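Quick heads-up: it's one chain on its own, the form deposited in one PDB entry, in C-alpha coordinates.
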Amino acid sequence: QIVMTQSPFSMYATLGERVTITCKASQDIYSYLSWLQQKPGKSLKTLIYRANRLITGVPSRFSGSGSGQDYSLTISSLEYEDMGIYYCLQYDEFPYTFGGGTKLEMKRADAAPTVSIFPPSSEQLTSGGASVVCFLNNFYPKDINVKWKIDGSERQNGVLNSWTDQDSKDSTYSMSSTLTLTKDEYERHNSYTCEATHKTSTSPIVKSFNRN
(Lines give C-alpha, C1' and ligand atoms only; values in the text may rest on other atoms or scores of the structure.)
Protein backbone atom coordinates (compact mmCIF):
# COMPACT_ATOMS: atom_id res chain seq x y z
CA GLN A 1 0.00 0.00 0.00
CA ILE A 2 1.50 3.23 -1.14
CA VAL A 3 2.69 5.07 1.94
CA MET A 4 2.48 8.86 1.80
CA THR A 5 4.71 10.85 4.14
CA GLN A 6 4.27 14.58 4.55
CA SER A 7 6.61 17.20 5.95
CA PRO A 8 6.73 19.27 8.01
CA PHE A 9 4.25 17.93 10.57
CA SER A 10 3.65 21.46 11.94
CA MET A 11 5.04 24.92 11.09
CA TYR A 12 4.35 28.50 12.22
CA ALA A 13 4.38 31.19 9.55
CA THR A 14 3.87 34.90 8.90
CA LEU A 15 1.60 36.81 6.48
CA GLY A 16 3.48 37.45 3.21
CA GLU A 17 5.84 34.51 3.83
CA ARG A 18 6.52 31.80 1.22
CA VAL A 19 5.80 28.25 2.23
CA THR A 20 6.58 24.86 0.87
CA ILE A 21 5.04 21.59 2.07
CA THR A 22 6.30 18.27 0.74
CA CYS A 23 4.73 14.86 0.31
CA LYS A 24 6.76 11.71 -0.26
CA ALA A 25 5.28 8.56 -1.87
CA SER A 26 6.78 5.07 -1.42
CA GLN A 27 6.62 4.45 -5.17
CA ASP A 28 6.41 6.39 -8.40
CA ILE A 29 2.78 7.59 -8.57
CA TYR A 30 3.02 9.57 -11.88
CA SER A 31 1.49 12.79 -10.54
CA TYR A 32 -1.81 11.08 -9.63
CA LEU A 33 -1.65 13.27 -6.63
CA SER A 34 -4.08 15.69 -5.07
CA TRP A 35 -3.61 18.34 -2.32
CA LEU A 36 -6.46 18.96 0.13
CA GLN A 37 -7.02 21.87 2.53
CA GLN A 38 -8.81 21.94 5.82
CA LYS A 39 -9.33 25.39 7.34
CA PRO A 40 -9.70 25.07 11.18
CA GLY A 41 -13.03 23.49 12.26
CA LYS A 42 -14.08 23.15 8.60
CA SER A 43 -14.33 20.62 5.81
CA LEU A 44 -11.86 19.06 3.47
CA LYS A 45 -11.68 20.88 0.18
CA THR A 46 -9.48 19.82 -2.77
CA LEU A 47 -7.11 22.46 -4.00
CA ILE A 48 -4.96 20.67 -6.62
CA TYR A 49 -5.23 17.54 -8.79
CA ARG A 50 -2.76 15.63 -11.03
CA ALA A 51 0.08 17.19 -8.96
CA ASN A 52 -0.14 20.68 -10.44
CA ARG A 53 -3.66 21.30 -11.77
CA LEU A 54 -5.22 24.10 -9.71
CA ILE A 55 -9.00 23.81 -9.29
CA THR A 56 -10.89 26.86 -10.48
CA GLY A 57 -11.79 29.25 -7.70
CA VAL A 58 -8.62 28.38 -5.79
CA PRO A 59 -6.31 31.42 -5.56
CA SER A 60 -3.17 31.62 -7.66
CA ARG A 61 -0.80 31.87 -4.70
CA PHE A 62 -1.27 28.12 -4.53
CA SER A 63 0.68 25.83 -6.75
CA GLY A 64 2.02 22.32 -6.70
CA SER A 65 4.77 20.47 -8.53
CA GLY A 66 6.99 17.44 -8.60
CA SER A 67 6.96 14.06 -10.20
CA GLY A 68 8.06 10.51 -9.55
CA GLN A 69 7.81 10.04 -5.76
CA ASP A 70 8.46 13.60 -4.53
CA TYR A 71 5.82 16.33 -4.60
CA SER A 72 5.31 19.82 -3.26
CA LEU A 73 2.74 22.46 -2.41
CA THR A 74 3.83 26.08 -2.19
CA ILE A 75 2.06 29.31 -1.22
CA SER A 76 3.63 32.46 -2.80
CA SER A 77 2.51 34.89 -0.07
CA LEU A 78 0.76 33.42 2.94
CA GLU A 79 -2.58 35.07 3.80
CA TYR A 80 -4.69 34.64 7.01
CA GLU A 81 -7.24 32.44 5.20
CA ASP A 82 -4.57 29.82 4.45
CA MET A 83 -3.93 28.61 8.02
CA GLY A 84 -5.09 25.03 8.46
CA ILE A 85 -4.15 21.42 7.77
CA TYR A 86 -3.02 20.42 4.24
CA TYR A 87 -3.07 16.82 3.10
CA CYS A 88 -1.79 14.94 0.07
CA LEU A 89 -3.69 12.11 -1.73
CA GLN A 90 -2.36 9.54 -4.26
CA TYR A 91 -4.98 8.02 -6.53
CA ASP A 92 -2.76 5.91 -8.78
CA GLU A 93 -3.48 2.66 -6.84
CA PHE A 94 -6.06 1.01 -4.67
CA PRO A 95 -6.40 1.58 -1.80
CA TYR A 96 -6.12 5.31 -2.42
CA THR A 97 -3.94 6.71 0.35
CA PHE A 98 -3.38 9.97 2.23
CA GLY A 99 -0.56 11.75 3.89
CA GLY A 100 -0.68 12.44 7.66
CA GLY A 101 -1.27 16.15 6.97
CA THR A 102 0.81 19.22 7.62
CA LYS A 103 -0.49 21.98 9.95
CA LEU A 104 0.04 25.60 8.99
CA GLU A 105 -0.17 27.90 11.97
CA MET A 106 0.23 31.63 12.49
CA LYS A 107 3.40 33.21 13.92
CA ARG A 108 3.54 35.75 16.76
CA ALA A 109 5.53 36.90 19.79
CA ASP A 110 5.95 34.71 22.88
CA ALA A 111 3.38 34.99 25.70
CA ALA A 112 3.32 33.73 29.26
CA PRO A 113 0.17 31.77 30.31
CA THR A 114 -2.33 33.30 32.67
CA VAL A 115 -2.90 30.41 35.09
CA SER A 116 -5.92 30.13 37.40
CA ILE A 117 -6.85 27.36 39.78
CA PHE A 118 -10.44 26.81 40.83
CA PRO A 119 -11.63 24.77 43.79
CA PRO A 120 -14.61 22.46 43.63
CA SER A 121 -17.91 24.28 43.93
CA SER A 122 -20.21 23.76 46.93
CA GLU A 123 -22.76 22.07 44.67
CA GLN A 124 -20.45 19.43 43.26
CA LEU A 125 -19.32 18.49 46.77
CA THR A 126 -23.01 18.00 47.64
CA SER A 127 -23.27 15.38 44.89
CA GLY A 128 -20.20 13.75 46.48
CA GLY A 129 -17.70 14.54 43.68
CA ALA A 130 -14.70 16.88 43.43
CA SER A 131 -13.20 18.50 40.30
CA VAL A 132 -10.30 20.94 40.62
CA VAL A 133 -9.72 23.00 37.49
CA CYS A 134 -6.68 24.92 36.20
CA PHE A 135 -6.87 27.21 33.11
CA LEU A 136 -3.62 27.92 31.30
CA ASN A 137 -4.80 30.72 29.07
CA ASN A 138 -3.54 32.74 26.15
CA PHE A 139 0.03 31.44 25.84
CA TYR A 140 2.30 31.12 22.84
CA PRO A 141 3.88 28.90 21.62
CA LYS A 142 1.78 25.69 21.98
CA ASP A 143 4.35 23.61 23.78
CA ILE A 144 3.25 23.68 27.42
CA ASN A 145 3.43 21.43 30.40
CA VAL A 146 1.22 21.13 33.45
CA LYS A 147 1.93 19.34 36.69
CA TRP A 148 -0.50 18.65 39.51
CA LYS A 149 0.64 18.65 43.13
CA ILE A 150 -1.33 17.58 46.25
CA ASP A 151 0.12 18.22 49.74
CA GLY A 152 3.51 18.47 48.02
CA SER A 153 3.43 15.27 45.89
CA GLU A 154 2.94 15.05 42.14
CA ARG A 155 -0.30 13.60 40.76
CA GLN A 156 -0.64 11.69 37.49
CA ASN A 157 -3.90 9.63 37.34
CA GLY A 158 -7.42 11.19 37.41
CA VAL A 159 -6.22 14.11 35.26
CA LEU A 160 -7.69 15.09 31.91
CA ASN A 161 -6.42 17.83 29.62
CA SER A 162 -7.94 19.89 26.83
CA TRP A 163 -6.11 22.08 24.32
CA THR A 164 -7.58 24.83 22.15
CA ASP A 165 -6.80 25.40 18.51
CA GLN A 166 -4.78 28.57 17.95
CA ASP A 167 -7.01 31.60 18.43
CA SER A 168 -7.89 33.12 15.05
CA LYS A 169 -7.97 36.63 16.61
CA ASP A 170 -4.85 36.93 18.81
CA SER A 171 -2.93 33.77 17.67
CA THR A 172 -2.57 32.30 21.20
CA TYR A 173 -3.27 28.83 22.68
CA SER A 174 -4.99 27.71 25.89
CA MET A 175 -5.26 24.54 27.97
CA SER A 176 -7.57 23.33 30.73
CA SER A 177 -6.34 20.73 33.14
CA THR A 178 -8.85 19.03 35.40
CA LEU A 179 -8.19 16.72 38.32
CA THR A 180 -11.32 14.77 39.19
CA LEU A 181 -11.49 13.23 42.65
CA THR A 182 -14.20 11.81 44.89
CA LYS A 183 -15.25 14.02 47.80
CA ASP A 184 -13.69 11.38 50.11
CA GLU A 185 -10.23 11.68 48.58
CA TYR A 186 -10.50 15.44 48.09
CA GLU A 187 -11.26 15.93 51.78
CA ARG A 188 -8.18 13.89 52.85
CA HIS A 189 -5.77 16.57 51.57
CA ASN A 190 -5.34 20.32 52.22
CA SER A 191 -3.18 21.77 49.41
CA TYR A 192 -3.96 21.73 45.71
CA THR A 193 -1.44 23.14 43.22
CA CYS A 194 -1.04 23.19 39.42
CA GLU A 195 2.26 24.28 37.82
CA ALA A 196 2.61 25.50 34.25
CA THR A 197 5.99 25.12 32.60
CA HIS A 198 6.65 27.17 29.49
CA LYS A 199 9.67 28.41 27.55
CA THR A 200 8.82 31.95 28.61
CA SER A 201 9.94 31.12 32.21
CA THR A 202 12.92 29.23 33.67
CA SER A 203 10.78 28.42 36.72
CA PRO A 204 7.03 27.57 36.62
CA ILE A 205 3.88 29.62 37.24
CA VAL A 206 2.33 28.07 40.34
CA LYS A 207 -1.24 28.48 41.55
CA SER A 208 -2.39 26.87 44.74
CA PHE A 209 -5.23 27.05 47.27
CA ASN A 210 -5.99 25.53 50.65
CA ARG A 211 -9.36 24.01 51.56
CA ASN A 212 -8.24 25.94 54.61
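We number the residues from 1 along the sequence you see.
What comes next is about the form deposited in another entry, which does not appear here.
In the motion between this form and the one not shown, where one rigid part swings relative to another, the hinge among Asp165, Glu185, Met106, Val146 is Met106. Look at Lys199 and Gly100: in the other form their Cα atoms move 3 Å or more farther apart than in this form.
Between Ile144 and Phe9, the Cα distance is greater in the other form than in this structure, by no less than 3 angstroms.
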